[PDB]
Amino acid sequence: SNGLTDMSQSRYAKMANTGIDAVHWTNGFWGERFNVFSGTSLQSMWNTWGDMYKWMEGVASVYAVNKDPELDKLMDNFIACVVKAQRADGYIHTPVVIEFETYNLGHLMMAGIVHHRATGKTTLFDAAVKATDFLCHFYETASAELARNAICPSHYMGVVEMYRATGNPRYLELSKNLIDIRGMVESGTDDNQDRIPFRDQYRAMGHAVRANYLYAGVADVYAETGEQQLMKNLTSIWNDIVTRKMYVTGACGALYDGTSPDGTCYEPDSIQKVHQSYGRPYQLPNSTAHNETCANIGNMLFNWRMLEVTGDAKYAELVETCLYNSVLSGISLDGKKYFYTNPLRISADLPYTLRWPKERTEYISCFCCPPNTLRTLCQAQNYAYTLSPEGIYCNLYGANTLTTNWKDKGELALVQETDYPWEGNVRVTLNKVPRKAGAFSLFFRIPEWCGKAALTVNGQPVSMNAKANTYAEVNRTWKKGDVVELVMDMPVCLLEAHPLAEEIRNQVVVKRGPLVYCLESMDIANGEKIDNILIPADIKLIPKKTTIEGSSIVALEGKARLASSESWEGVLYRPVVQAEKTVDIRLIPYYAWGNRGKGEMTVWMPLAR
């Protein structure tokens, strides 16, 4: 009835969200993050002073969980200004919200839907339904060659979410036309994924935000139309991204600037510029990885739609990877500063200055991404579970309550206890089961990273059928007070990459559970230089809780090998040096990088096998 995204009536969906109010984080990783975001980040962003509709959507999303009546009033005031400013035909003149501009309207749609779902009130929603009608007029009337109107890619999702929210067929028809038009124009571009029609695209293409939001939006249309061809496109594009063009943190977009295609084409007039963009297959540089935070949110939201349309746990893995490692990295631990880029390496020898700061900044002003970052992070709880007629799916582990209504039957409430992501032990406790529910299942995702896992029910072992990257089902007539307990082994992992990824050939990245780890220069004993650190393949890395900006994180401590250090000044090639020494290093989670001053950082490190 009521989720952040509601595929509950969608004819070719398989799962749908829990209600926007059903899941609260409690006592761990996400509870702690949620207190920062709700109790600091939102105020801090209003104080520095389209962005606002994202902020507000965030306020409503937080409110759905905590019911702070001071937020409800702060919303009613924001909404009053919005409503006072709207015309009869649905337009809004943005200047007259006091205390080709069709781009802001798309964000009003989602703000209004989310507000409706959280508060019950129709005050902002009616402002949104009108804005939507205005866009339908705008696309029925404006010139075929306005690709620019929809250069806001939020639109595709917002319009399908409005059809979902109203039943109004005009909105679904608009969203179908928006796909059908792509590439029915003179000189579209790879960079705007519109050189060729959508149905001819079987690979990821250009500006990664535009790309990924497109792919998401199309999955949303697929949820409603069941047009198989779209899923033929969406599955080779997903495949292209994930096996060939995605950083290990889930982030997307290797190139600040470049050309598409690269080194394959003989008409140079066919070769176009791209920016903030996907690159060649296996082109995954580190220092110059763009990985705009919103592109990574895009990949997350793409994967979430693919999960709901297919029921396949492998899409849930990507939602998690993205959330911890390329979305949460976008904000500081103090909730106040933001990244635009998410590089996988900072070297102080880097002889040019890339665009965009490389320390987080509290300066929303210029970037339109931090509002999207904060509202997304303010909604993490809306990704923990999904439902279907078969039962309930545990997708993102973390300490929480869930209270849904289970069909026309009554409340079902459960309590999830775990120190995830720091440890791999989950306990689901059933508080309320409605008496007339039959047997029904509780599904537990087994992470792709997880090699062993076991279940118990009230202490009694179940046979574990499932493999990595699939759901373990537990079908049972559940009684009040029942207890399921997932134990996932969560060892330290060393990962290598496909040999065609030259930028990381013969190097290793360290995961533990779902967190990608990195090394910063201040965690190397004796200020020994980060470039000289080698990870032997059989290194023994030891978890140890430690504190950064008042947050308890698991670092990994161990003995790396140290390269002898000849000066690299004015030298490109030289005789391989000895590497007889050792040095104490400490790895921290990537997301927590850059909270301890300026320094050096790398995810991928030399491997000694």
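Residue numbers here begin at 1 and follow the sequence given.
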**Request:** Indicate whether the chain is continuous between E99 and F100 or, if not, how many deposited residues are absent from the coordinates: none, 1 to 3, 4 to 9, or 10 or more.
**Result:** 10 or more
**Message:** Missing residues between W49 and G50 in the deposited sequence, please: none, 1 to 3, 4 to 9, or 10 or more.
**Reply:** 10 or more
**Complete:** When mean C-alpha B-factors in the record are compared for 508-516 and 71-79, the larger belongs to 71-79
**Prompt:** Mean C-alpha B factor from the entry: is it higher for 249-257 or for 426-434?
**Reply:** 426-434
**Asked** Which one, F198, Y139, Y315, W238, has the peak C-alpha temperature factor per the PDB entry?
**Response** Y139
**Asked** Highest Cα B-factor in the deposition, which of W478, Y385, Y163, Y213?
**Response** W478
**Asked** Lowest, middle or highest third of the chain for the C-alpha temperature factor of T602?
**Response** lowest
**Request:** Name the third of the chain's ranked CA B-factors that contains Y573, choosing lowest, middle or highest.
**Result:** lowest
**Fill in**
Here the Cα B-factor of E224, set against its chain, lands in the third termed lowest
**Asked** Lowest, middle or highest third: where is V554 by C-alpha B factor in its chain?
**Response** lowest
**Asked** Which third, lowest, middle or highest, does the CA B-factor of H290 fall in along this chain?
**Response** lowest
